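Novice: please work out how this folds:
(2 chains)
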Amino acid sequence: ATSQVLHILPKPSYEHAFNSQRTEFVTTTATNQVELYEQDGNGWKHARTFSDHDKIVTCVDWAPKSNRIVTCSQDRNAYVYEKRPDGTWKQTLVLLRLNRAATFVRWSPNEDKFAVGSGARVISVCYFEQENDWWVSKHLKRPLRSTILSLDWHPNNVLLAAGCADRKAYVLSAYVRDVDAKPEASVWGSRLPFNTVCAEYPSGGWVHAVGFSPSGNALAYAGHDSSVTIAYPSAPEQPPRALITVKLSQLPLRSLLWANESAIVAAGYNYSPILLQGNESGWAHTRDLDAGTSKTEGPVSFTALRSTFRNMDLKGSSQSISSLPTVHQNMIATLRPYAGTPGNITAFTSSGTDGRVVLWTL
Amino acid sequence: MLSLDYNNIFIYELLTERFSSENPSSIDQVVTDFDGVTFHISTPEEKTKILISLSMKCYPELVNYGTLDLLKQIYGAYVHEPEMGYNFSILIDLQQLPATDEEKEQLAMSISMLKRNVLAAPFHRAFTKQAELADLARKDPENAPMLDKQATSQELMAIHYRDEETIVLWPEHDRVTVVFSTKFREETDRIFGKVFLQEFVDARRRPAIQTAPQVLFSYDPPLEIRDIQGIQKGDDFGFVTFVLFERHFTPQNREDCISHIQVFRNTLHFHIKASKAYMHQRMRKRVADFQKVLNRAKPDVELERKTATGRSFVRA
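Specialist: Numbering: from 1, shown residues only, chains lettered A, B, ... in the order given. Structure data below:
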């Protein structure tokens, strides 16, 4: 797998999103700001900040077809950003009605609603009313017992998966009338009203990541125990066909993405994207996409003269501290499609706590 | 300081001022010293006349060892009736001083030296009686063992000079032995004091200081002190013995030897304190070494240029 480092951000990057044309990306720095980056030849340039949040921004997402950015923060708010004709962005506060921080945000596949995970034991499913010119929030709350660490939407607009700090992965209906048309019958159910519970799958550690299969017929999720579990449902009120856990030898995956119906890429505290492959008969960790998993006299500049004396003075010796062998130098926080049709992701991007934004080609 | 002064520095500086002063002001000054000793310095009837008085818990024992005779010999016409709550007193009249700056200086020194002068009488009694025993042993060398055996009990001085130290001493025809029945009650000073008392005795075994008094140490008492009242073999005391031989109290050296042996446990106590300041500088030097092991976890970034007050700078 080829990798290219697109940019190095000055501060940590728990989330990023590209637009549909991959011509700009938005990223959450560790502050209350969000950074918008545009192309600059083969490089990238900081086009503008957003700074409407009061406390640390936790997550950000960019809607492909409708070209809107949604942002979430420890200030308990969300803002939706929409493009004006003159090229500036219109902010819009969304009243999430959360008692604690917003922790994670995702746009729905039809982009008519988004969901915000929280530390408040609830998920704010947010949709727009043209009759009021308001974004309004519905709380999913019945089975959720702790911080929601991650969200994913089923390819049908109704079902929401959630990874939770109570060591469970939930599948919940986020069906909203006068936004959704009725969902088709599925392996998760057919009688599917708001906050109906399709699964409460267990984990060995906090569920950092969740992801539906490209067909929607299975859920992968990743735990803080350094495992990926893949769940194949049977029917409502019935146990799964298979509930396959693969246990990794590395530090935990924080993020997770189906490459196709039979393969998953995952990454996290191991600093490296891994590939898992399988089906309802069994799953295995099959490759590491970073070759760095294998642990792989002339004139001298003023900045080398000065830094070797600063290293002798501040540290033990002149010798510079070496890079980690992986491309990411710190945990890789998010893992997102970049190229190929849905069901056949050909390339994906990652961003990390080291501020690298990196493109990976399978 | 590596060594303690023998005299009370306040009394020396105050009398060196007042013996020179054109216009003496009044004073009323209680002044502490080591070993629970205290002085009162005052002008109780005229600014012209200074009364200096010493309070010392062992003074009644010291009077039994010829102390008043030595204090009358040292201070002469300046001796005064004791002040209430004080054991000894001297009155100096600032219009009655010696005719020279050098006689005035050695009088200001002599009065500041008063704690070691009151405490010197048992040592002068031992040194002068060793000279009698030395002459008798020089008369009949085969009778000398019996003179030394009787002088070891009949000519022994014990001074319970503070509640955690007894100094015991006696003459024999060629020596004065003095034993410090010694203790530290503060627990960190007992722990550091074990190192100080051990290295003190091992120092005397090295070639460089064979000229010194013989030293011995234990923690039961030396045989000839085991039945002295208030010595006790289980009661956490160590026993530092000094054997002063005739060369350590020769006439050129008696008064320095007396001054220097009395301050033994005070130099040890002071250096057990000063060793903590040394350990603390030894520690914070290698806190600064461990900084450099954490500084290699800071990733390298250039800071913006700042003036000496920390204000931002806009050049280069």
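Novice: flag every residue of the stretch 201-316 of chain B that's near chain A.
Specialist: For the stretch 201-316 of chain B, the residues in contact with chain A (CB under 8 Å from any CB of the partner chain) are B:292-293, B:295-296, B:298, B:300. (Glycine included, C-beta is placed from N, CA and C.)
Novice: residue contacts, residue B:176?
Specialist: Residue B:176 is in contact with B:123, B:126-127, B:130, B:169-170, B:243-244, B:249, counting by CB atoms under 8 Å, 6 or more residues apart in numbering or on different chains.
Novice: from those residues, which is closest to chain A?
Specialist: Minimum distance to chain A across those is 53.3 Å, recorded for residue B:243 (CB to the nearest CB).
Novice: what are the buried residues along the host helix or strand of that closest one?
Specialist: Assigned by DSSP states H and E, residue B:243 falls within strand B:238-245. Residues of strand B:238-245 classed as buried by neighbour count (16 or more other CB atoms under 10 Å in any protein chain shown): B:238-244.
Novice: one step back: in strands only, show me the contacts of residue B:176.
Specialist: Among the contacts of residue B:176, DSSP state E puts B:169-170, B:243-244 in strands.
Novice: can you map out the strands along chain B?
Specialist: Going by DSSP E, chain B shows strands at B:28-32, B:38-42, B:49-55, B:88-93, B:157-162, B:165-172, B:175-182, B:214-218, B:238-245.
Novice: now do the stretch 1-150 of chain A
Specialist: A:2-8, A:15-18, A:24-28, A:34-40, A:43-50, A:57-62, A:68-73, A:78-83, A:89-94, A:102-107, A:113-118, A:123-129, A:134-140, A:148-153 (DSSP state E, counting those that start in this stretch).
Novice: got the angle for the first one vs strand A:24-28?
Specialist: With axes from the mean of the first three to the mean of the last three CA atoms, to 10 degrees as the basis, strand A:2-8 and strand A:24-28 are set at 70 degrees to each other.
Novice: next, the angle strand A:43-50 makes with strand A:2-8.
Specialist: 50 degrees.
Novice: quick check: residue A:225 is in a strand.
Specialist: No. Assessed with DSSP: H, G, I helix; E, B strand; the rest coil, residue A:225 is coil; it does not lie in a strand.
Novice: that one: what's it in contact with?
Specialist: A:203-205, A:247, A:252.
Novice: which parts of the top helix by length along chain B are buried?
Specialist: Criterion DSSP state H: the longest helix present in chain B is helix B:264-295. Using 16+ other CB under 10 Å as the burial criterion, the residues of helix B:264-295 that qualify are B:264-265, B:268-272, B:275.
Novice: return the distance of it from the chain's centre.
Specialist: 25 Å (CA atoms, centre = their mean, to the nearest Å).
Novice: and stretch B:24-41, by the same measure?
Specialist: That offset, for stretch B:24-41, works out to 18 Å (CA atoms, centre = their mean).
Novice: re earlier: and the strand holding residue B:243 with strand B:165-172, angle?
Specialist: Using the same axes, to 10 degrees, strand B:238-245 lies at 30 degrees relative to strand B:165-172.
Novice: name the helices or strands packed onto strand B:238-245?
Specialist: The contact analysis (3 or more CB pairs under 8 Å, 6 or more residues apart in numbering or on different chains; DSSP states H and E) places strand B:238-245 against strand B:175-182, helix B:187-203, strand B:214-218, helix B:254-262.
Novice: one more time with 6 Å, if that's ok
Specialist: strand B:175-182, strand B:214-218 (3 or more CB pairs under 6 Å, 6 or more residues apart in numbering or on different chains; DSSP states H and E).
Novice: give me the neighbour count for the nearest residue to residue A:25 once chain neighbours are set aside.
Specialist: The spatially closest residue to residue A:25, leaving aside those adjacent along the chain, is residue A:18, at 4.6 Å (CB to CB, 6 or more residues apart in numbering or on different chains). Using other CB atoms under 10 Å in any protein chain shown, residue A:18 has 21 other residues around it.
Novice: over to residue B:217?
Specialist: 17.
Novice: could you find the closest non-adjacent residue to the closest residue to chain B within the stretch 1-150 of chain A?
Specialist: Residue nearest to chain B within the stretch 1-150 of chain A (CB to the nearest CB): residue A:10, separated by 9.1 Å. Of all residues not flanking residue A:10 in the chain, residue A:355 sits nearest, at 6.4 Å (CB to CB, 6+ apart).
Novice: residue contacts, the one you found?
Specialist: Listed by CB atoms under 6 Å, 6 or more residues apart in numbering or on different chains, the contact set of residue A:355 reads A:8-9, A:13.
Novice: of the residues you listed, buried ones?
Specialist: A:9, A:13.
Novice: tabulate the contacts of residue A:355 in a markdown table, adding columns for distance to residue A:67.
Specialist: Formatted as a markdown table, the contacts of residue A:355 follow (distance: CB to CB, whole Å):
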| residue | distance to residue A:67 |
| --- | --- |
| A:8 | 26 |
| A:9 | 22 |
| A:13 | 21 |
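Novice: the nearest residue to residue A:123 once chain neighbours are set aside - how many residues pack around it?
Specialist: Excluding the flanking residues, the one nearest residue A:123 by CB to CB, 6+ apart is residue A:140, at 4.2 Å. Residues contacting residue A:140 under the criterion other CB under 10 Å number 23.
Novice: also the one 3 residues further on?
Specialist: Around residue A:143 there are 15 other residues, counting by other CB under 10 Å.
Novice: got the domain ranges for chain B?
Specialist: Annotated domains of chain B cover B:1-129, B:131-302 [CATH domains of a matching chain].
Novice: quick one: closest of those domains to residue A:314.
Specialist: Nearest to residue A:314 among these is domain B:131-302 (4.6 Å), distances taken as CB to CB.
Novice: figure out how far the closest one is from the centre of its chain.
Specialist: 12 Å.
Novice: ends of that domain, what's the gap?
Specialist: End-to-end span of domain B:131-302 (CA to CA, to the nearest Å): 81 Å.
Novice: about what we covered before: the strand holding residue B:243 vs strand B:214-218, what angle?
Specialist: Using the same axes, to 10 degrees, strand B:238-245 lies at 160 degrees relative to strand B:214-218.
Novice: what residues does the stretch 201-350 of chain A have near chain B?
Specialist: Proximity of the stretch 201-350 of chain A to chain B (CB under 6 Å from any CB of the partner chain) is limited to residues A:314-316, A:321.
Novice: export those to a markdown table and tack on secondary structure and neighbour count?
Specialist: Shown next, in a markdown table, are these (DSSP: H, G, I helix; E, B strand; the rest coil; neighbours: other CB atoms under 10 Å in any protein chain shown):
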| residue | secondary structure | neighbour count |
| --- | --- | --- |
| A:314 | helix | 14 |
| A:315 | coil | 20 |
| A:316 | coil | 12 |
| A:321 | coil | 11 |
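Novice: just the closest residue of the stretch 1-150 of chain B to chain A, please.
Specialist: For the stretch 1-150 of chain B, CB to the nearest CB, closest residue to chain A: residue B:2, 34.5 Å.
Novice: got the contact list for that residue?
Specialist: Contacts of residue B:2 by CB under 6 Å, 6+ apart: none found.
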